[PDB]
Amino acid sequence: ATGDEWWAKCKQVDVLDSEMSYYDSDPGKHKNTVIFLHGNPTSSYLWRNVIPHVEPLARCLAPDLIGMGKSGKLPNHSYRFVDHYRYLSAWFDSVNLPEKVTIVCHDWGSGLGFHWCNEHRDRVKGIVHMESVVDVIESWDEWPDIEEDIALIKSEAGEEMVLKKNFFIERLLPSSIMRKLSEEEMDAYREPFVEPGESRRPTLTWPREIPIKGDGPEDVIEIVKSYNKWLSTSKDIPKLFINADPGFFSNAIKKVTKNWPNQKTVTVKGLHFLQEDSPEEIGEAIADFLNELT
């Protein structure tokens, strides 16, 4: 399935000064509702082979984060976590959601989805997360060895690799998928970023927001610190951690979340973009989680 076919199935809604594009399996329905949040450097297209397995049981929504996918681009090029949260939270308010929702999230979609849940604690039916942002990094030995990669990315050299060479799309993305994408699938990930320069800014700002205890950013640090604490006591929020083997962050998330209450773990084959290697198993697991809910 090509990008054209996927975004043909999506709609747009005005959000503050801009627009956001999103998949909606059942517009205007207050039945069981599941919202799928992608991260960097992907779009709603990441969920295309997962959502079919969930669609029969729930209205499925998959927004493109601001500056990503088919969503609008910000003239001032400022795409910090808080900028993404302003737009994403306004999107939540704009798609006729029922009172309680299930969030399925990945990577920075999980940072945003964890934060939105933490700020709307009475609206969360359940949370499925995978290769997620579950904590601040306080000791490097409990995380994959990215210290050097992050200092690089924060440097001007890293701006040149991302803005001019598209490092995140052309290198990081295929590096962390076990199979080989088709040309059509890769072109769908490329589509939002074909213009060199500032169109690729969201893919550079996202890794610069990594919460490193003592490297800032202190706004992200305390957002993550506060939703981690709440999730670590979230005894009556059903939670599914989908573990990717070998994964990337999965090993560290296993350790971080080991004693989180009310959390079931399922393991699938994948690296970081586990949706491209095991979409059927991931879909079936979310359906099982949904049926365990009802």
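The first residue of the sequence shown is number 1, and the count goes up from there.
Trainee: Looking at the deposited entry, does 228 to 236 or 264 to 272 carry the larger mean Cα B-factor?
Mentor: Stretch with the higher mean C-alpha B-factor: 228 to 236.
Trainee: Would you tell me which stretch averages the higher CA B-factor in the PDB entry, 79 to 87 or 206 to 214?
Mentor: According to the entry, 206 to 214 carries the higher average C-alpha B-factor.
Trainee: With respect to the C-alpha temperature factors reported in the PDB entry, which of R200, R190, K100, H129 ranks highest?
Mentor: Reading the PDB entry, the winner on C-alpha B-factor is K100.
Trainee: Which one of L152, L74, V104, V134 shows the biggest C-alpha B-factor in the PDB entry?
Mentor: Of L152, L74, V104, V134, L152 has the highest C-alpha B-factor.
Trainee: Compare the C-alpha B factor of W116 with those of the other modelled residues in its chain, then answer lowest, middle or highest third.
Mentor: It belongs to the middle third of the chain when residues are ordered by C-alpha B-factor.
Trainee: Relative to the other modelled residues of the same chain, rank the CA B-factor of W140 and answer lowest, middle or highest third.
Mentor: Highest third, going by the recorded CA B-factors of the chain.
Trainee: Can you tell me which third, lowest, middle or highest, the CA B-factor of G247 falls into for its chain?
Mentor: For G247, the deposited C-alpha B-factor lands in the lowest third.
Trainee: Among the modelled residues of this chain, does the Cα B factor of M161 put it in the lowest, middle or highest third?
Mentor: It falls in the top third of the chain.
Trainee: Using the B-factor values recorded in the entry, state whether the Cα atom of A58 falls in the lowest, middle or highest third among the modelled residues of its chain.
Mentor: Tercile = highest for this residue's CA B-factor.
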